Amino acid sequence: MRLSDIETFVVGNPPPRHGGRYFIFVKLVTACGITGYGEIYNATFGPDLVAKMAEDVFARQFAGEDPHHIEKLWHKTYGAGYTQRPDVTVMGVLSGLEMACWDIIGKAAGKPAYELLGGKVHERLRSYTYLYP
Amino acid sequence: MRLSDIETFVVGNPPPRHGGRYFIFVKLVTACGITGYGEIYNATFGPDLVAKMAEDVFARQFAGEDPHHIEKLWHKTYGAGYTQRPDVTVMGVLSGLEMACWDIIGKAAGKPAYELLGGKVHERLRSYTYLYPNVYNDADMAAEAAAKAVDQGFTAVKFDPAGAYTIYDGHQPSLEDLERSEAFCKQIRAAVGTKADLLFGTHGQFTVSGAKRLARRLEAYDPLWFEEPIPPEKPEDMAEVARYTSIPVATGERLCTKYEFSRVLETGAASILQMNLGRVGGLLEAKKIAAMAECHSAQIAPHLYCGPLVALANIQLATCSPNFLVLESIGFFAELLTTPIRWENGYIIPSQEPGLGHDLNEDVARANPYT
Amino acid sequence: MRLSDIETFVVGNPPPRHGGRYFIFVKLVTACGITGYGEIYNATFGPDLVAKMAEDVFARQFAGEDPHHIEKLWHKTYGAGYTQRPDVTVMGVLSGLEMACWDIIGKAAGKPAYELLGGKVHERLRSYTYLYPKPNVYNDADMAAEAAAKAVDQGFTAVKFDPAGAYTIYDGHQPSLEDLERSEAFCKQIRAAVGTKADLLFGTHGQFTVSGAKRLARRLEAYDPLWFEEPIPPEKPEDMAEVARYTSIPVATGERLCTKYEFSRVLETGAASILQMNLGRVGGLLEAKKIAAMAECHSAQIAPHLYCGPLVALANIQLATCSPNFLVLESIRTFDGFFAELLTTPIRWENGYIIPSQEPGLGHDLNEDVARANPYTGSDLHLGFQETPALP
Amino acid sequence: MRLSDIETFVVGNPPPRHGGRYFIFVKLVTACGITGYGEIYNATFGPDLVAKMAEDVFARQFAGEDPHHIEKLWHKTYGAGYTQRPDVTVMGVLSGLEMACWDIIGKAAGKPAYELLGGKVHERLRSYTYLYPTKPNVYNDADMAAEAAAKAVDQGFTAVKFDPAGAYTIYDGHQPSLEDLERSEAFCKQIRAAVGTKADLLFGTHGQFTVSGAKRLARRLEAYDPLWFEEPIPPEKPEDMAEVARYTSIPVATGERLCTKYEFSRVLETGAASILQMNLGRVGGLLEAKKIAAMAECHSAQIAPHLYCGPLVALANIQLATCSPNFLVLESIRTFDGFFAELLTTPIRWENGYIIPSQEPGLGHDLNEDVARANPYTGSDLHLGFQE
Amino acid sequence: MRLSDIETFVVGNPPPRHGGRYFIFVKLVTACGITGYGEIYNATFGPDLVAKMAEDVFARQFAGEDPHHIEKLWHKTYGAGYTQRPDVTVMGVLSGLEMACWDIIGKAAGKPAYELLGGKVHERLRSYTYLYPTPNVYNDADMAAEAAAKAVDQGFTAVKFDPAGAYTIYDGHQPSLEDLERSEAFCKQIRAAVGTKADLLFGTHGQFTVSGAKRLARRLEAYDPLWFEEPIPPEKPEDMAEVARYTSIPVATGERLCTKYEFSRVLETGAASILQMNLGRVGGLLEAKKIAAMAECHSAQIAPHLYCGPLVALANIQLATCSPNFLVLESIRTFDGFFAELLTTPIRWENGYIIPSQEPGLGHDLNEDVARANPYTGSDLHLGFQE
Amino acid sequence: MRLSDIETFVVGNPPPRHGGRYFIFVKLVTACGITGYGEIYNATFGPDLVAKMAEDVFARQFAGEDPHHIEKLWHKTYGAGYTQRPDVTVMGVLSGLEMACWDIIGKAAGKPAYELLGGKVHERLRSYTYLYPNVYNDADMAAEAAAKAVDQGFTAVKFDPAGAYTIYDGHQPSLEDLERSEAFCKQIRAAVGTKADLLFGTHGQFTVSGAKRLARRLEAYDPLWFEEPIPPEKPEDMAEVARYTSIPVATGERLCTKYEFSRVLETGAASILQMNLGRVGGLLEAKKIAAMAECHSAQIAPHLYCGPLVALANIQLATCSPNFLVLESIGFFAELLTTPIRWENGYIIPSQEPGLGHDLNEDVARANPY
Ligand SMILES: [Mg+2]
Ligand SMILES: [Mg+2]
Ligand SMILES: [Mg+2]
Ligand SMILES: [Mg+2]
Ligand SMILES: [Mg+2]
């Protein structure tokens, strides 16, 4: 199994705009067709560009690889350019693609991601909100 | 999906009994038929009792649960009886049940467990072996066996010339212990040169100072590690030895759960963690422990002194671990597995088959009851 | 002198089942006839199995040995199978057998154990009880307060309660605001009921994380609780020490601990100033003694733990009696009911104090017949967590 | 005074490619006409994207501002997007734009930037170079490296740097092999024989090892009095690096992968290192590097600016070093000949092992924009790389 | 059962005076008759006075009490005069009485005292001696080596020596270069002469500062001494730990310490890995057992100190016997001569090891007759310093 | 110049017996006549043996020596018999002899001892006293005894209401102990306002946790200190109490030598040091400790529960110490001395007679054996 294609989405958030001004989505695909979604949380630059950075990372580090090899993928990215240090710009991009890899891993095993990382512990998730008008 | 039945196997190791005297296997099977295997590490009691202890834990915490639910399963067990604190007895039973769940989870995805816990990183695993007027007391005889090992492809050897370990450790090295130890290191180093690392494998014989006396005389030979220099209770004390010497300290074969390894890492007690997966808490717990070591400039080296099923679990963790240093290796291990663990020119080659990659030969285990 | 024979007893506890579901007793017999009794405190495994463990250990380690040789027996057991690290499953079995050797040692010497481990220090041992009897004593502050005045009237000078909400397999967790309301309500009403006449013991079960434990401690301080028991889980004493440093409430812990090594860390990190060894678990009488001397070096006291049978109570009493730094002894009500029937002569409770036996060894003998006549028939473990996450 | 225009050059680096694969330059222009030059040191993303990033930042934070307003500009950029924590990607771009403001600031004052930030201290700056060539070669044969250092000494260099400790992987830290140990000592031993007390040995590892890996190696180099053990372990936990630093007598030197005063504050405080190696095209800018050097004076540490990129970062490094009392040594890519000269309007002054600081205003030299435009980068790789 | 009467004996040590100038014994007697024996280790005042302090203490806290009530006895005594702080004068006297109570407790139990404090652990106790004579053994490495060679031949597996120069009242000081020279030659020569047959116990008396001790330890590590004893003075363990962290040689201290409170700090700071209690000073047998138990929690071993009479020796032996972390026991030669004459049955020394008596209590009895026939006629104190 | 003879007065303290049951005095005489007086603070043994101990010490270390040689004499006594470690039995006997030397040194040089150790710094020494007659158990009756002491001029009063101190301490305070403790502070602060500081004078009763509990309920009455909240063996432990409360911790009546006080200062155990110069090690050793205290934001407040002569030395220290806070005070005291100790409105005034400023009347001392 191997990663073939990526597609980015810059999506603007409509009124009342709770949650920021825009979201940045990615969509990874395997040669055999399986589809994975993910979001990048990065605002150190403009979104059109951060979307470009995503496609950069995917071309260098992700395409051709097995989306299960999370450790290899994460380390090729973390270390690329001889860096290997917490960087929010990179990590925000890594996080999006990595998510999608999980989406894919899951989709192929026919299981929720959480069933592969320790299993359900909660049948419900306690939630909180900001105060809004 | 739910777990239905368990079956235990106490199997006796025939001569030369390299690995123990008996192995304790388990077999979990789901309602709809998928079968996982696993090994328990317990020397604190006796095989038939340890097996019953396995059934007891299976019944109270595992029967009727989804094997995917590792966290729930582990916590049900860890807190049973209002305990919730590290305990090798429990943790060695929980370890063998948890592996079998991984074997199941893997089988239900068509994937090796390592592809679900981070993915392959290593296509081959560096292996080491013990050396086998002999090879445990004469340093000249050790170097010969060391040279043989090197000739077979091994790139690391382990030896414990440090002296008898007693039930009243930690003690002080004898002058004879010191001289024999350095001679082992010196004679072997001359035999293998740069082709194999020296793994110095004490068994917690010493007190902190005793260990330091010994480390002093060993630094010149650039040993890859000083294994378990002192007893396991105060990692704080162990860290005193790590700090003194240039030799990396390794420890972990007598520990279990994230909590104790957490402390080893934070005190700087050891830089090479030696989990035994038949005891540490399982495959997931071990992964958590190896990530933790990643934040501490520390690596893992899965300890093995038991049956093949722990070896498989060791292989699974190692294959997907970026801070893997070396794997302990070792015949009868072949015969117990449906397919043999693959070994070539010093390295273990990870199976691509689902779960733990191999299967226990139930027929052979039932044919070798321990006596 | 050599230990020859062991019998084990698994005894179900009848209604109202205070002190838990079952007790595990051991009977050690020397070749010449001297009989020791002991209790195993452990629930990692069904009581049938622990009993078989006690048996396996006694055959492997004790048979043929001079029970005077505590150090040897202990080390032989602790280091068996190359482990030599604090494991409660083993150490509980070990604690049982070790008690019963002290019973024999004292029987042979014609002295109470406590006259062999430093000598009597107390003529009476200060005592305390949980508050015992849809709203009730465990959930409604006022009913607990009434429960407490009663205890004070019986002459108890200390009562313990855990109003702090359920303990779960996923602990530590965070107190709910309800958990906080109730807790301080229990403290406020109980203190008003008992004034200076008795200390409040806040008997938590490791519920909280360090932060959650500080949130609660902040609210309880005004009522001068004598301690905060096990505010967080047992694995990291370093973390407990952060709670202890924060509050004026003394922190108390140990019921889930074993060996001198673990209590060494508690003491040195400053995780607690009150140690609560259970002698059915901590490693036996000599180890408890060793641990209680360590606490002297660290401005710390002992308050032996008890939620099991009368033989653990006996060992507790032995230790407490020869311990300069003893603070209080936990009792199951006034040691009446099934706790007296199991003994040949009962634990003496008078006006808030245990009065130590002056008889040899542990001071009392197991009524073996009463013990055999009461098998354990349930399937559950002695004690257990809530297996859903903490509310919400 | 206000900033108006920015231009970016992604310049590819002609053979022998010493100093990496490409350089990313920036030209800033004020309204009244003053030009400022600077370089960005970053390879998290391809250079074309980085350049586009630099224009994103200039347009968002710099356009319309007075370039004398470094603190304002620095903090606006530092906090763009509610981040405000080190991030080489951003910090690199910021370093380049900020350098160039100092060009403009100095040119306006008619002074070298160094005469503004505490003023000249050194009339010459001690330099060092990597041992380069022109499969037994200079990176794996101690003898061949000893000849290289011999040649380097005969030019006046008083220090040579080398890395024999094996490859550095994406899964570091790890453990040096016995061959890594044996080769490393040979290099030190041989090189020391060939240079005597004439030149210092700079052990220039690239984060390979774990703490204990580091120590095993350190124990075997101590005897050749190496001047520094560079980045013995990775950059994430300086509390761990400080363990190497305490065990050995060799001074630990690091920082080529760090940025902002915050990350060097920790290095100094923990005792992680005693020689700080900022690359001024990454650290956060010239004023930042000044603040950082001033901290090192409080912790018995010294500065020794890192360089493995274009000549503009070099100018910035030289600007700092000239005004720094706790300066130790300066990296040079060879004798600053070749494309390091061709890219400038007047080349960098290198005489007998020392760099002589220009007295021309700002960064001291101007970029030759035409040589910059006539040398695009055709490739598709990143400046520096790892093993896998 | 109650303590009734006390007798003190001040006993002069006849030549070659190995192990000091005088001994101070105590004899406790219960109402019904049982007789306990004991020794006090204290040279802060002349022995005749230490004797008097023994009766003052016996009369206020001891008389009429059950000898089983050790915690009570000890804490009544410790807390006297509103003090409750370590004090070697008080704790000296307390040790002897306490010892003697164990003798009584044991005799009444029909048991050796170690069988009441954890039980036998060793069938035999490794011992060591100072190098004694027969330009001398104290100041020349060659003669020291010869001595050590004869000690090995007798069965000894460890010898102690202090070649680091005089200890003064102004300690700590710095070693002279000759101090370092002689110190090293001692280790080299003795090591050449015993080989791996015996451990070197380098036994300084608190001579150096922490910097001083490191200067010296750096020169001794190569010969693998088993310990470096009391390298600096006893008032700041926090400082001795500085020495113990620096060198590979184990640091041992304790002969000048008393109560668990002081050893707690030693263990916790890392000042030592080998605790050297003297049971005539440390605060008694039960206190020492508590101390050895603490040391267990800290990778420390015990190695009981002896520079006095056979009775401290007997308690030392009792402790050692039931102590799983026992390293080695100080002997005075082979416990021949007066050390034998002063006991009903002598201490059993056999091929380098002491074999514990199986008789109740301390396992032997003082020869009251011999003890009375040997009073101390002199004017000096047991040990002393330089000025 | 050399020391020759020693005489030792065991003296019984008459009713109301404020300050003990007995005092132990010493008299040192030189070759050419000069005489020093001093006092030993020892209670671990009967005063009969203590005097014999002093004689023993004088013969071995002091006789035939120059009393100027404090350092020499001190280290001789301290190292006697190969000990060289803090021991209050020896240190007490030493503190008395050394005191007397400073009486002889000063007199010989015609100056008070405090003019030899950094010179005068205070003309008046802020005093305080215990609350004497009930008064030890009833809040309101102590509040009375306080307001009476204010009328006499005292600026500080001390009281121990925290319950009995046993041989098994440290313990936990009882709820009644806490209740009476707080009640004592509330009521007294009410009777004296800003005019008098509160000295909470505990006797090492509690464990660290026990002391924290009590501290919490006294903070609000701004006590000037919290004396010896736990026992003295582990200053490290004390430091927890000191760090938790705003009330200063005071300690040291049971300590000796620079070594133990050093550790008190470095660990942060106490900010107020309470040397008893009949125990601490002598006057020269006391001054060194005071100086150490300057380096850690710490002050001195000399301890006195014994005879006038210890007190005399206490004054010599206080008069020449910049970091002096307050001095303990108390009849038969002025009777044992030639010239009485001058007291004026909560303040002692130091003598300017050479040495200890005063002389023991030997006739009165002999006339009252114990
Ligand atoms: Mg091993
Ligand atoms: Mg409880
Ligand atoms: Mg570099
Ligand atoms: Mg000695
Ligand atoms: Mg007082």
# chains A, B, ... in the order shown; residues from 1 in each chain; ligands from 1
>>> residues_around(residues="residue E:329", least_positions_apart="4", cutoff="10 Å", atoms="only C-alpha atoms", output="list in words")
residues 125, 126, 127, 128, 129, 158, 276, 302, 303, 304, 305, 306, 313, 316, 317, 320, 353 and 354 of chain E
>>> write_last_selection(atoms="N, CA, C and O atoms", output="PDB file, in the first residue's frame")
ATOM      1  N   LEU E 125      31.448 -14.584  60.239  1.00  0.00           N
ATOM      2  CA  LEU E 125      31.623 -13.140  60.087  1.00  0.00           C
ATOM      3  C   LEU E 125      33.041 -12.788  59.661  1.00  0.00           C
ATOM      4  O   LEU E 125      33.988 -12.986  60.418  1.00  0.00           O
ATOM      5  N   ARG E 126      33.175 -12.278  58.440  1.00  0.00           N
ATOM      6  CA  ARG E 126      34.461 -11.849  57.910  1.00  0.00           C
ATOM      7  C   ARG E 126      35.103 -10.789  58.806  1.00  0.00           C
ATOM      8  O   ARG E 126      34.441  -9.860  59.244  1.00  0.00           O
ATOM      9  N   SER E 127      36.391 -10.910  59.080  1.00  0.00           N
ATOM     10  CA  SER E 127      37.012  -9.939  59.961  1.00  0.00           C
ATOM     11  C   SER E 127      38.238  -9.291  59.345  1.00  0.00           C
ATOM     12  O   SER E 127      38.786  -9.773  58.347  1.00  0.00           O
ATOM     13  N   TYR E 128      38.673  -8.196  59.955  1.00  0.00           N
ATOM     14  CA  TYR E 128      39.865  -7.527  59.489  1.00  0.00           C
ATOM     15  C   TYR E 128      40.664  -7.049  60.688  1.00  0.00           C
ATOM     16  O   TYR E 128      40.089  -6.788  61.733  1.00  0.00           O
ATOM     17  N   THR E 129      41.976  -6.909  60.540  1.00  0.00           N
ATOM     18  CA  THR E 129      42.793  -6.330  61.615  1.00  0.00           C
ATOM     19  C   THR E 129      43.596  -5.115  61.165  1.00  0.00           C
ATOM     20  O   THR E 129      43.889  -4.971  59.979  1.00  0.00           O
ATOM     21  N   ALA E 158      41.374  -8.996  54.909  1.00  0.00           N
ATOM     22  CA  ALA E 158      41.307  -7.537  54.907  1.00  0.00           C
ATOM     23  C   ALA E 158      42.224  -6.999  55.987  1.00  0.00           C
ATOM     24  O   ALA E 158      42.262  -7.541  57.086  1.00  0.00           O
ATOM     25  N   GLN E 276      30.006   2.613  59.922  1.00  0.00           N
ATOM     26  CA  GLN E 276      30.848   2.004  60.932  1.00  0.00           C
ATOM     27  C   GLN E 276      30.368   2.353  62.318  1.00  0.00           C
ATOM     28  O   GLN E 276      30.915   3.243  62.956  1.00  0.00           O
ATOM     29  N   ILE E 302      26.965  -2.348  56.549  1.00  0.00           N
ATOM     30  CA  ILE E 302      27.478  -2.030  57.873  1.00  0.00           C
ATOM     31  C   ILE E 302      28.804  -2.732  58.102  1.00  0.00           C
ATOM     32  O   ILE E 302      29.009  -3.850  57.636  1.00  0.00           O
ATOM     33  N   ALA E 303      29.713  -2.058  58.793  1.00  0.00           N
ATOM     34  CA  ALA E 303      30.989  -2.657  59.160  1.00  0.00           C
ATOM     35  C   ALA E 303      31.400  -2.125  60.514  1.00  0.00           C
ATOM     36  O   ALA E 303      32.165  -1.158  60.596  1.00  0.00           O
ATOM     37  N   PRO E 304      30.877  -2.755  61.576  1.00  0.00           N
ATOM     38  CA  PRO E 304      30.986  -2.364  62.987  1.00  0.00           C
ATOM     39  C   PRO E 304      32.415  -2.068  63.430  1.00  0.00           C
ATOM     40  O   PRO E 304      33.352  -2.832  63.178  1.00  0.00           O
ATOM     41  N   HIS E 305      32.551  -0.930  64.100  1.00  0.00           N
ATOM     42  CA  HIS E 305      33.833  -0.397  64.531  1.00  0.00           C
ATOM     43  C   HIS E 305      34.169  -0.918  65.911  1.00  0.00           C
ATOM     44  O   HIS E 305      33.293  -1.076  66.757  1.00  0.00           O
ATOM     45  N   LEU E 306      35.448  -1.187  66.134  1.00  0.00           N
ATOM     46  CA  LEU E 306      35.886  -1.702  67.411  1.00  0.00           C
ATOM     47  C   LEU E 306      37.256  -1.172  67.783  1.00  0.00           C
ATOM     48  O   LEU E 306      38.257  -1.483  67.137  1.00  0.00           O
ATOM     49  N   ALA E 313      32.733  -5.653  71.392  1.00  0.00           N
ATOM     50  CA  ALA E 313      32.953  -6.721  70.413  1.00  0.00           C
ATOM     51  C   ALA E 313      31.782  -7.713  70.322  1.00  0.00           C
ATOM     52  O   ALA E 313      31.315  -8.032  69.234  1.00  0.00           O
ATOM     53  N   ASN E 316      28.722  -5.995  68.772  1.00  0.00           N
ATOM     54  CA  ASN E 316      29.090  -5.858  67.360  1.00  0.00           C
ATOM     55  C   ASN E 316      28.784  -7.165  66.621  1.00  0.00           C
ATOM     56  O   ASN E 316      28.094  -7.176  65.598  1.00  0.00           O
ATOM     57  N   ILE E 317      29.279  -8.268  67.175  1.00  0.00           N
ATOM     58  CA  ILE E 317      29.040  -9.581  66.617  1.00  0.00           C
ATOM     59  C   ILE E 317      27.553  -9.936  66.529  1.00  0.00           C
ATOM     60  O   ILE E 317      27.103 -10.549  65.554  1.00  0.00           O
ATOM     61  N   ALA E 320      26.006  -7.904  63.650  1.00  0.00           N
ATOM     62  CA  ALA E 320      26.521  -8.399  62.383  1.00  0.00           C
ATOM     63  C   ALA E 320      25.863  -9.696  61.965  1.00  0.00           C
ATOM     64  O   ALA E 320      25.659  -9.938  60.783  1.00  0.00           O
ATOM     65  N   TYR E 353      37.667 -15.545  60.116  1.00  0.00           N
ATOM     66  CA  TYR E 353      36.260 -15.284  60.446  1.00  0.00           C
ATOM     67  C   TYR E 353      35.913 -15.534  61.921  1.00  0.00           C
ATOM     68  O   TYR E 353      36.442 -16.438  62.559  1.00  0.00           O
ATOM     69  N   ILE E 354      35.019 -14.705  62.439  1.00  0.00           N
ATOM     70  CA  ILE E 354      34.468 -14.831  63.773  1.00  0.00           C
ATOM     71  C   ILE E 354      33.245 -15.732  63.695  1.00  0.00           C
ATOM     72  O   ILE E 354      32.377 -15.525  62.844  1.00  0.00           O
TER      73      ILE E 354
END
>>> residues_around(residues="stretch 302-306 of chain D", least_positions_apart="5", cutoff="7 Å", atoms="only C-alpha atoms", output="list in words")
residues 256, 274, 275, 276, 277, 278, 279, 293, 296, 317, 326, 327, 328, 329, 330 and 331 of chain D
>>> write_last_selection(atoms="N, CA, C and O atoms", output="compact mmCIF listing (two decimals), in the first residue's frame")
# COMPACT_ATOMS: atom_id res chain seq x y z
N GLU D 256 23.37 25.90 16.36
CA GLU D 256 23.09 26.13 14.95
C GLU D 256 21.68 25.74 14.57
O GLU D 256 21.20 26.04 13.48
N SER D 274 29.06 26.06 26.42
CA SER D 274 29.82 27.19 26.91
C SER D 274 30.34 27.98 25.72
O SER D 274 30.97 29.04 25.86
N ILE D 275 30.07 27.45 24.54
CA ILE D 275 30.34 28.18 23.31
C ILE D 275 29.05 28.13 22.51
O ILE D 275 28.61 27.05 22.14
N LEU D 276 28.44 29.29 22.27
CA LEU D 276 27.18 29.37 21.51
C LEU D 276 27.40 29.61 20.02
O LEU D 276 28.10 30.53 19.63
N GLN D 277 26.75 28.80 19.19
CA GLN D 277 26.94 28.88 17.75
C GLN D 277 25.71 29.33 16.97
O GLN D 277 25.13 28.55 16.21
N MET D 278 25.34 30.59 17.14
CA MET D 278 24.25 31.15 16.36
C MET D 278 24.62 31.27 14.88
O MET D 278 25.75 31.62 14.53
N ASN D 279 23.67 30.91 14.03
CA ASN D 279 23.67 31.30 12.63
C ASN D 279 22.78 32.53 12.56
O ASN D 279 21.56 32.42 12.72
N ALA D 293 24.49 37.22 23.06
CA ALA D 293 25.91 37.25 23.40
C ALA D 293 26.09 37.85 24.78
O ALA D 293 26.93 37.40 25.57
N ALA D 296 25.50 35.28 27.48
CA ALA D 296 26.64 34.38 27.57
C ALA D 296 27.77 34.96 28.43
O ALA D 296 28.51 34.22 29.06
N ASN D 317 27.19 37.68 10.73
CA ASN D 317 28.03 37.04 11.75
C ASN D 317 29.21 37.91 12.11
O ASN D 317 29.52 38.07 13.29
N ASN D 326 33.15 38.66 24.32
CA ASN D 326 33.22 37.22 24.50
C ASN D 326 33.22 36.43 23.18
O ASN D 326 32.71 35.31 23.12
N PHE D 327 33.82 37.00 22.13
CA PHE D 327 33.96 36.31 20.85
C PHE D 327 35.11 35.32 20.88
O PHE D 327 36.17 35.61 21.44
N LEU D 328 34.92 34.15 20.27
CA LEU D 328 35.93 33.09 20.27
C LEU D 328 36.55 32.78 18.91
O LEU D 328 37.76 32.87 18.75
N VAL D 329 35.72 32.38 17.96
CA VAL D 329 36.20 32.10 16.61
C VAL D 329 35.05 32.25 15.61
O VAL D 329 33.90 32.19 15.99
N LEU D 330 35.37 32.46 14.34
CA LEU D 330 34.36 32.64 13.30
C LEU D 330 34.49 31.62 12.17
O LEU D 330 35.56 31.42 11.64
N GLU D 331 33.38 30.98 11.80
CA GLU D 331 33.43 30.00 10.73
C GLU D 331 33.61 30.71 9.39
O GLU D 331 33.09 31.80 9.18
>>> interface_residues(of="chain A", to="chain C", cutoff="9 Å", atoms="only C-alpha atoms", output="PyMOL selection string")
chain A and resi 121-122+125-126
>>> select_by_dssp(residues="chain A", states="alpha helix (DSSP H)", output="PyMOL selection string")
chain A and resi 47-57+70-79+88-109
>>> interface_residues(of="chain C", to="chain F", cutoff="6 Å", atoms="only C-alpha atoms", output="PyMOL selection string")
chain C and resi 196+248+250+299+324
>>> write_last_selection(atoms="N, CA, C and O atoms", output="PDB file, in the first residue's frame")
ATOM      1  N   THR C 196     -14.114  19.812  69.966  1.00  0.00           N
ATOM      2  CA  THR C 196     -12.738  19.350  70.191  1.00  0.00           C
ATOM      3  C   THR C 196     -12.642  17.878  70.582  1.00  0.00           C
ATOM      4  O   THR C 196     -11.540  17.356  70.747  1.00  0.00           O
ATOM      5  N   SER C 248      -1.752  22.478  55.043  1.00  0.00           N
ATOM      6  CA  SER C 248      -1.444  22.328  56.459  1.00  0.00           C
ATOM      7  C   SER C 248      -1.997  20.998  56.972  1.00  0.00           C
ATOM      8  O   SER C 248      -1.572  20.494  58.008  1.00  0.00           O
ATOM      9  N   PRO C 250      -2.125  17.283  57.426  1.00  0.00           N
ATOM     10  CA  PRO C 250      -1.136  16.222  57.236  1.00  0.00           C
ATOM     11  C   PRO C 250      -1.632  15.215  56.201  1.00  0.00           C
ATOM     12  O   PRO C 250      -2.827  14.945  56.133  1.00  0.00           O
ATOM     13  N   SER C 299      10.359  12.987  61.191  1.00  0.00           N
ATOM     14  CA  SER C 299       9.225  13.664  61.836  1.00  0.00           C
ATOM     15  C   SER C 299       7.868  13.088  61.388  1.00  0.00           C
ATOM     16  O   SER C 299       6.959  13.826  60.994  1.00  0.00           O
ATOM     17  N   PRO C 324       7.296   4.344  69.662  1.00  0.00           N
ATOM     18  CA  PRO C 324       7.220   5.694  70.240  1.00  0.00           C
ATOM     19  C   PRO C 324       6.433   6.669  69.368  1.00  0.00           C
ATOM     20  O   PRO C 324       5.779   7.565  69.890  1.00  0.00           O
TER      21      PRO C 324
END
>>> residues_around(residues="stretch 36-40 of chain F", least_positions_apart="5", cutoff="8 Å", atoms="only C-alpha atoms", output="list in words")
residues 23, 24, 25, 26, 27, 28, 29, 92, 93, 94, 95, 96, 97, 98, 99, 100, 101, 102, 103, 104, 278, 279, 307, 309, 310, 359 and 360 of chain F
>>> closest_atom_pairs(of="chain F", to="chain E", cutoff="7 Å", atoms="only C-alpha atoms", output="CSV")
residue,atom,partner,partner_atom,distance
F:43,CA,E:81,CA,4.3
F:44,CA,E:81,CA,4.8
F:45,CA,E:56,CA,6.9
F:56,CA,E:45,CA,6.9
F:75,CA,E:169,CA,5.8
F:76,CA,E:169,CA,6.5
F:79,CA,E:169,CA,5.9
F:80,CA,E:44,CA,5.8
F:81,CA,E:43,CA,4.5
F:82,CA,E:384,CA,4.9
F:83,CA,E:256,CA,6.1
F:85,CA,E:235,CA,5.9
F:87,CA,E:87,CA,4.6
F:88,CA,E:87,CA,6.2
F:89,CA,E:89,CA,6.4
F:167,CA,E:79,CA,5.5
F:168,CA,E:75,CA,6.8
F:232,CA,E:85,CA,6.3
F:233,CA,E:85,CA,5.8
F:254,CA,E:83,CA,6.0
F:259,CA,E:235,CA,6.3
>>> select_by_dssp(residues="stretch 118-257 of chain D", states="strand (DSSP E)", output="list in words")
residues 125, 126, 127, 128, 129, 130, 159, 160, 161, 162, 200, 201, 202, 203, 228, 229, 230, 252, 253 and 254 of chain D
>>> atom_distance(atom1="atom CA of residue B:134", atom2="atom CA of residue E:223")
28.1 Å
>>> residues_around(residues="stretch 7-9 of chain B", least_positions_apart="4", cutoff="6 Å", atoms="only C-alpha atoms", output="ChimeraX atom specification")
/B:24-27
